[PDB]
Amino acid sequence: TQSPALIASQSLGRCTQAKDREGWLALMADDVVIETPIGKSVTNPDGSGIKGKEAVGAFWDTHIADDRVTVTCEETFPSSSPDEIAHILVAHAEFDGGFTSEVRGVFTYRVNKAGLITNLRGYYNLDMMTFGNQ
């Protein structure tokens, strides 16, 4: 048996690697809060996270859809709750014509009783990102 948290996190990645916008959003609760990273950033403007399914849809359009985002799991850290889990992820992206970005950080997931994602939080900053010219 896979826990609702692990199923959710892995499903989110598969939908990302296939640019399935609708399937991606269906894995989330209507009150989902995405904080990638935690704190103020271009991917987290006010530093309190992207709140709501509409705003995460916009986030997908702005930062994932045409940016070739792919997430790779390096190590999984289960908790003693089936609804919360942590991963060491490596996120890669391609933008502005072919410029690349890559960062490795801790990502925590949380689902509600129905198993829908309510929280996704990333522990990383700019100094951890690496950029490319090909």
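Numbers for residues come from their place in the sequence shown, where the first is 1.
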(request) Check the entry's C-alpha temperature factors for 68 to 76 and 93 to 101, then say which stretch has the higher mean. (result) 93 to 101
(message) Per the entry's values, where does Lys51 land by CA temperature factor relative to the rest of its chain, in the lowest, middle or highest third?
(response) middle
(request) Quick one: classify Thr16 as lowest, middle or highest third of the chain based on its Cα B-factor. (result) highest
(message) For the chain shown, is the CA B-factor of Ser41 in the lowest, middle or highest third of its modelled residues?
(response) middle
(message) Sorting by Cα B-factor within the chain, modelled residues only, which third would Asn112 end up in: lowest, middle or highest?
(response) lowest
(message) Please say which third, lowest, middle or highest, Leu27 falls into when its CA temperature factor is compared across its chain.
(response) lowest
